[PDB]
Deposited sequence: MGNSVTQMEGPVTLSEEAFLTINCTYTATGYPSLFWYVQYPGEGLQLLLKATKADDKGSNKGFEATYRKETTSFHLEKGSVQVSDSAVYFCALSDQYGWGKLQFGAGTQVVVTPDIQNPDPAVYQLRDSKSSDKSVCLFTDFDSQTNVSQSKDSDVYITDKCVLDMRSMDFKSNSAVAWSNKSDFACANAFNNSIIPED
């Protein structure tokens, strides 16, 4: 009864977000978007209980358009904190029914790195064991996959030193091996 865009959708801070959602219903359903932030439970973002109603929250909006049976999610200028999973949903039984959810769409919002400074550092164990850190690269860098099954490389992670108004990308790599050098890892 609810079909939404397959993700993940990756976009840059300040880019326009659109997540398509279409529904099928004979009656008078109420329509909704739920959001799930990383580490959190589901929560209502916005809703609309009749044709032409608009729900809006924190710059997001979706308009109940009966004639295209759609409730497309839009936000004019996405922020990093919008990184999450978005679920389109409908309540049938004239708005008294259980929520029926779409498959969900992950949105990954990348930061605009003010002054990229890409570098690879080696870090020693606090107890010879070591890891490698690739950091300070811009949001358009690909961090390519490990070739070795004995070498692990994480996805990029965005950290925010909020009180310093500074964001940075990083990825970590480590291995058990004796030939492991950070020089080659990324």
**OP:** Would you list the gaps, meaning deposited-sequence stretches without C-alpha coordinates, in the order they occur?
**Re:** 1-3, 131-132, 192-199
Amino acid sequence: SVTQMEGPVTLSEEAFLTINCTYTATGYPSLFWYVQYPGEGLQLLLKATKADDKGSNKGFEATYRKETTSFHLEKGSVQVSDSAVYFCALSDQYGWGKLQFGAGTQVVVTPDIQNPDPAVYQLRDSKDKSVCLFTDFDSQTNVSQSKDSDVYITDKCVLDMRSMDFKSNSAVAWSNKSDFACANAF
From here on, numbers count along this sequence of modelled residues.
Original post:
Which of the two stretches, 63-71 or 44-52, shows the higher mean Cα temperature factor in the record?
Top reply: 63-71
**OP:** Going by the average Cα B-factor in the PDB entry, point out whether 144-152 or 157-165 comes out higher.
**Re:** 144-152
Original post:
Going by what the PDB entry lists, where does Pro116 fall on CA B-factor within its chain: lowest, middle or highest third?
Top reply: highest
Original post:
Compared with the other modelled residues in the chain, in which third is the CA B-factor of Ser126?
Top reply: highest
Subject >> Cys21, C-alpha B-factor rank within chain (lowest, middle or highest third) >> reply: lowest
